[PDB]
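Residue numbers (PDB author numbering), protein chains in the order written: chain C, 1 to 495; chain E, 1 to 495; chain A, 1 to 495; chain D, 1 to 75; chain F, 1 to 75; chain B, 1 to 75.
The next block holds one structure in the form of structure tokens; read it before the comments.
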Ligand SMILES: *[C@@H]1O[C@H](CO)[C@@H](O[C@@H]2O[C@H](CO)[C@@H](O)[C@H](O)[C@H]2NC(C)=O)[C@H](O)[C@H]1NC(C)=O
Ligand SMILES: *[C@@H]1O[C@H](CO)[C@@H](O[C@@H]2O[C@H](CO)[C@@H](O)[C@H](O)[C@H]2NC(C)=O)[C@H](O)[C@H]1NC(C)=O
Ligand SMILES: *[C@@H]1O[C@H](CO)[C@@H](O[C@@H]2O[C@H](CO)[C@@H](O)[C@H](O)[C@H]2NC(C)=O)[C@H](O)[C@H]1NC(C)=O
Ligand SMILES: *[C@@H]1O[C@H](CO)[C@@H](O)[C@H](O)[C@H]1NC(C)=O
Ligand SMILES: *[C@@H]1O[C@H](CO)[C@@H](O)[C@H](O)[C@H]1NC(C)=O
Ligand SMILES: *[C@@H]1O[C@H](CO)[C@@H](O)[C@H](O)[C@H]1NC(C)=O
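Shown next, in the form of structure tokens:
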């Protein structure tokens, strides 16, 4: 029941022939899955780890210059020579300085000058890369068991947390009393870890695009070096000054930590401090419910009196949760729970805690339901002393549809193709939509790479206006649709 | 003779009624002035000093956060409050977190959260300002005495240095033997220091626009704060992260010294250590030659044998400088020196060291002359023992014409209106030009402030094309002229 | 007497008011000057020496690679690193070699490889440059004294060697018995020694163009270098081999001496061993024949018999040289020599050894004369024992006129505009022609620089065709003239 | 500087909030507004140029927007 | 960030070379060229959009130039 | 190689004989002749291309000669 209380909560209904459903487990969100005669389980992706990282490249963000030397030559007499030019730890620059009788030279003209200083790095910005085989996804499955402290508990003792690794596709967890849950996760397709870098500047880390990392304009090392002194782009962090064309100077040009922080805007921070723990991304899994069992199945109904120990509370998603206690005998029984209309004639609500049971007498049981919109009745217990509680759900079915459509659009905006099999039970339509999305998303990503959201909005508006003023409606509809999609993406992008 | 060897050396010829001429002195440049009966003087602006600077703002380039605290409220209980929120040294941020039974709340919703962290600055940059009357311009005036050690010599002991301040803008220099030269300078019309800031960061200082300094996005103190416990824009140097709705914390951004160095491109670097010494900008002075007289003009032709101790050496400006030592009787004598043709039937070039004389028979005297573009012979001495030196000047008259045209255009680009005072003699054409260029430069600065050089090129190209394609020739001519001027300015900007 | 027997010999005749004549002196050519009432002199610029050269650069023509090393990384893990790459003495290149499980690596793909090897130069070519004021031309002045074994004699002791330096524009020689000869040569215009390099390779040296020398694609050194191990663009003398993309190797190309000899085709060789003396070029001089008198004009005529000791021989230029022996008394007398016709009615010849005399009785005197075209008779001595020697010149005045026009055209092709300065008396026609030639030659040198003689012929032919097939009778004439001149230059170039 | 090449638009965004997302989402727009405020002179010239160049109101407005956006950033 | 306000067109520029003149002269052009190489897709889109919006070939080239410049400039 | 850039058309020539004047006078002509003999196939294609491209006979011959000369030259 670790999902109750999370804004990014998704409910997955039903299972495919063969009793399996494939879901996408994003970080910071949990997926609650329920199926006929199957326990309701909550799956959350809580950790991602990359192991055995390799150093792609080191950048220099803080430097220091020393051993500055300068040499000059008379006009027309070639170039000056410094013995330091031979060493690659010296940043050297050639310029022209006025020479003449005043400077101790016989001629009158621009004479060459060379200034060399030793480039020493003070603060590194390492960049690491990990193979996709070294990922270790951690997932936690929490059955809606109705335990008193499980309603939102994010600590242990409530769920079974497993590790998804590319070595083994089949991951099973035996939930105590609920059977065995089998998951077929595809950790390789989750995040392109061979197209990304684990940047680590001082005590912070970022997951940055690999090419973007390689294109940084700073002094760097190949990452294979063991000496650490042959920086390549030393002149990106050093200034040579020739103010009045009479002498040359060199300065080390400050620290690039703040500029790097500004340049890392748009990247997601990660915890590379110990282990490279990533707390972002998704993981598509195929849940197999074949081996699942209802916890309370083969229990007698509770015929005693129930009491409310925590009043009904409404969740962000419209599903109520109530805590009740049992007073009667036959303690290992299952709760009679229903959501009836005001006339108590039809069962309107849908129970999310699919099979509420009373394991212990002196132990409150949490039940989550989905009351219908408007006036309803939460009836708990049997007729002699049943608790018939009135609840009102503010909202509308049209509002639910619009909110669900917006949630699905937001999901497709975050995952693209991978969002087409979030709750897909195979299906011809799902496969066709996924293929169409793959093609169109490839085109769109190619056309909108490295462009900010403001430019996305501008281009969407321009395409929309072109489509609105087109002659042929076949082209106009397509252009306006593309423009509206682009405007929506620019509005939702950069989160 | 200090102006010999400087590539930016420039020549002033002629005087006005009252034997005065306006000259603009720049730090890099040296000015040599010639008059019909006056000695040739070299003018250089060697130092600008600002005194008693007063801080305008202190900016934080590196900070550190401590004493982090957090407070959270329930989903519908309103925004939380912290004691530190009142505190001006604490930086706070309000956000919302997912709340429910699991958090210990008792109601499911987006409860508020506020986190505050103490801001303490580590590195700052002091934006000092100076009143205009506290500027002091030091000018060194050195006559073309012909002293051997005087060519391109800047060590000292050769000329006279006159300090000019806005309060005392008229000053007199006594050039021993050459009379006295009076300078009626105009410091107040040079750099406008009421609109300029002396920006010092660590051990490097720059001269910056004051509005630019005031618009910088960094936390700042009022400037008179000895406590440094009220920073005004702490939000810019800290970042509050709420990756998933559950937690909020704050981290300070990195040292902004490197970001400032990039932000300072296009700002001239000054020295602010042990005096706010500026080696940038210009000064316009009025030279009074009334009391300036030639030295040794009451002498007699040497009538002795000369020897060349330093060979002819053409400078970057088409003039030749030679050093001759005298060997004959009548020591304090005028040196016969002509630049004639092969047959000695014509005088082809003049001499810049007007009235070269021999003060001491054992002291070499070095003369500067401007020979013609063809073959010319530098004749020194009288018939018995005369020495004729052949020379050949590579340039051409048209080449010199357009070189001087380019030099004048560049001078106009840098000084703008003041370029019309560089060799002005108080004429009416000069005044009309200066008024016209004042109006046009005011318009141009209004319409082109803050624009990059690439943008200047693009705008000039657009304007020139609009002119090139227009029905009205008058507007066509005006637009094409403006476009060509703008393109030239864009090409010559970023000096 | 030293000018007789040289294929390149010019006869400069006559002087102007003031008794000076302009002559251009070449190393391989020679000049004989004649004037009324003045001795005939022979001039030969026998040596040019450049002193105090300063090396401008030092190219490498043979290297050797040692201490080769190589390193590589797995694919996708950046570049490899070698400590040797820290030192610029090592030539290093980066390339990718396919890697995989067999290469000790984890994954398959193109893996970077770096190869380094120490670059040592064993043989280098040094290019030195000289100051025009450090040139010293040697000129030998030899009168037609008609002494024994003086015809075409190069040993010396017959004339006086005057050294011409840019320090003095007046060179003075005291020919015993003839007075003093004044020379006013102009070394500065002779040859731009600040636009050409004195390249010496091994035991041979060439006078090359400066920019061409700086453009050589060989590993070079600044010339100010003292260590001599930091070569630049070493890659032009080493190759890196990656045949199948499995390993990378670096080898040294080989000695570049033969390729350098092939590149130097068109350069004029000089002696840079034991003195930077180069026997090529020309020297314009203005000889002044005032203070120059005939020798032995006070001697009486020889009243004796002359016996021929060396039969008449005709020089390549039609000037016959005859050596005679005197046998009578009054030994120091004048030889009666004339060139008459058969009847001795009127003199036809033009004695070139003016005022032949017999100083010592036992010394044969070899007089040179210029007979007329056809029959003429050389009359030597008084009626008793007089010699009447016949001669036949075998030519035409038209033939000699065509020959002299061809010689003048060739000089214009070789000396450029300095041709107009040869045998000149300051006429207005010559000066206007020289200015026009300077303009046209400037345009032609701009348009035809760096093109082989074959390209010259092709361009001349194309322009001739264009001109001769143009509508305008003026443009046609101008273009055909230009084409014919270009064809002539191409035919007469590469000498 | 590295600051001129941020990580925006790389396409790695997930549900998780990025670094300085809120702190820098409107920074560029605010910067353009501040630049146009401090430099009203160039904005008018850009408007006049865009009007002259653009045949239609769409082209003119688009060109004006592009010029005004590029000028501060290219600065 | 401070790095986005270069202090370039402020005037008060004299004959003396300014801070980072040589680098800042072409840093923006280098950055735009690198962006155009790394995002060839958006350049084609900008070319097509300019082709569509602008009638006169000068208008199309101007829009293409402005749009390409502003694309990385925002980022 | 360094030999591909000869010291030919620099303009320092004098009356004195240059380094390898006689040998290098006809080297390129003879090398072109040898190349034409060795690769006659390209010569016919060059002739056809010259005939097709050039309208005037003078243009045809000029293009043919230029192609025949350049072929070895780029080799
Ligand atoms: C989450 O579950 C844990 C149990 O693992 C709760 O901690 C228990 O709290 C009860 C009541 O004080 C104690 O009797 C148990 O000894 C505790 N067990 C452990 C392992 O700590 C915790 O309170 C729950 N969280 C919430 C928010 O209810
Ligand atoms: C600039 O002038 C100073 C004199 O004021 C020169 O210093 C002297 O130079 C002479 C010349 O050799 C020496 O004999 C003296 O010992 C130097 N010192 C003094 C106090 O006279 C200085 O050399 C000149 N600059 C140059 C480049 O020559
Ligand atoms: C060139 O002149 C030199 C010098 O006048 C000639 O050398 C002389 O040769 C004779 C014959 O053996 C000797 O008796 C003299 O002693 C030599 N003089 C000197 C100074 O060495 C030389 O023979 C002449 N050469 C020609 C071809 O005429
Ligand atoms: C640098 O300077 C230190 C002291 O000034 C000296 O000991 C060291 O050898 C120098 N190194 C180089 C490479 O110049
Ligand atoms: C900040 O924390 C330190 C840590 O000991 C404490 O001494 C100080 O009082 C705190 N200041 C506050 C909370 O304002
Ligand atoms: C190069 O190799 C030789 C042969 O072993 C060795 O003596 C020498 O020290 C080496 N030098 C370098 C710089 O590697």
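No residue lacks a Cβ here, since even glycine has one placed at the ideal position from N, Cα and C.
#### Entry: Neighbour list for residue 55 of chain F in chain C, Cβ cutoff strictly below 8 angstroms
The contacting residues do not exist; residue 55 of chain F stays about 13 angstroms from chain C at best.
### Message
Taking 7 angstroms as the cut-off, is the C-beta of residue 67 of chain E nearer than that to any heavy atom in ligand 5?
### Response
In this structure, the C-beta of residue 67 of chain E approaches ligand 5 to less than 7 angstroms from one of its heavy atoms.
### Task
Measure how close the beta-carbons of residue 120 of chain A and residue 223 of chain A come, nearest whole angstrom, since I'm counting them as under 8 angstroms.
Contact flag wrong, Cβ pair sits at about 19 angstroms.
### Query
When the cut-off is 8 angstroms and only beta carbons count, does residue 326 of chain E lie next to chain A?
Chain A, which has no Cβ nearer than 8 angstroms to the Cβ of residue 326 of chain E, makes this no.
### Message
Any beta carbon of chain E sitting closer than 8 angstroms to that of residue 167 of chain A?
### Response
yes
### Query
Taking 8 angstroms as the CB-CB limit, is residue 36 of chain F close to chain E?
no
### Query
Closest by CA to residue 165 of chain A, which one among A:156, A:183, A:424?
If we check each option's Cα against that of residue 165 of chain A, A:183 comes out closest.
### Task
Can you have a look at residue 48 of chain D and say buried or exposed, based on whether 16 or more other CB atoms are within 10 angstroms of its CB?
Exposed.
### Query
Along chain D, which residues have their Cβ under 8 angstroms away from the Cβ of residue 6 of chain F?
75
### Query
With a CB to CB cut of under 6 angstroms and the five nearest residues on each side skipped, what residues in its chain are close to residue 26 of chain A?
282
#### Entry: Cβ distance (whole Å) where residue 48 of chain A is taken to contact residue 278 of chain A below 8 angstroms
5 angstroms
### CB contact flag (residue 42 of chain C, residue 285 of chain C, <8 angstroms)
no
### Message
Beta-carbon within less than 7 angstroms of residue 420 of chain C's beta-carbon, same chain only, minus the 5 sequence neighbours each way: which residues are those?
### Response
Hits under 7 angstroms: 430, 433, 434, 437.
### Task
Can you say whether residue 219 of chain E is buried or exposed, counting buried as having 16 or more other CB atoms within 10 angstroms of its CB?
buried
### Query
Which chain D residues are close to residue 62 of chain F, counting only those with a beta carbon under 8 angstroms from its beta carbon?
53, 63
### Query
Taking just the CA atoms, how far does residue 447 of chain C sit from residue 70 of chain F?
15 angstroms
### Query
Where the beta carbon is closer than 6 angstroms to any heavy atom of ligand 3, which residues qualify, in chain order?
A:149, A:153, A:155, A:157
### Query
Counting only runs that start and end within the stretch 435-474 of chain A, where is the beta strand (DSSP E) found for 3 or more residues in a row?
none
### Task
Could you work out which residue in C:98, C:59, C:191, C:320 is closest to residue 228 of chain C when comparing CA atoms only?
C:59
### Message
Within the continuous alpha helix (DSSP H) that includes residue 30 of chain B, where are the two ends?
### Response
27-38
### Nearest-angstrom Cα separation, counted from residue 189 of chain C out to residue 50 of chain C
15 angstroms
### Task
Kindly list the residues whose CB is nearer than 7 angstroms to the CB of residue 191 of chain E, restricted to its own chain and excluding five residues on each side of it in sequence; keep chain order.
Short of 7 angstroms from the beta carbon of residue 191 of chain E, and not among the five residues preceding or following it, lie these beta carbons of its own chain, in chain order: 281.
### Query
In or out: residue 30 of chain D buried (at least 16 other Cβ within 10 Å) or exposed?
exposed
### Query
Under the three-state reduction of DSSP, which class applies to residue 19 of chain B: helix, strand or coil?
coil
### Message
Residues of the stretch 4-37 of chain E in Cβ contact with chain D at a cutoff of 9 angstroms, in chain order, please.
### Response
From the stretch 4-37 of chain E, no residue has a Cβ closer than 9 angstroms to chain D.
### Task
Taking only heavy atoms of ligand 4 into account, decide whether any of them is closer than 7 angstroms to the Cβ of residue 84 of chain C.
yes
### Unbroken stretches of the beta strand (DSSP E), 3 residues or longer, contained in the stretch 275-325 of chain C
Runs found: 284-288, 306-314.
### Message
Just checking residue 10 of chain F against ligand 7 - is the residue's beta carbon closer than 7 angstroms to any of the ligand's heavy atoms?
### Response
Absence of ligand 7 is noted for the structure shown, with ligand 1, ligand 2, ligand 3, ligand 4, ligand 5 and ligand 6 being the only ligands found.
### Query
Under 8 angstroms between C-beta atoms, does residue 78 of chain D make it to chain F?
Outside the modelled stretch of chain D, which goes from 1 to 75, sits residue 78 of chain D, for which no answer is possible.
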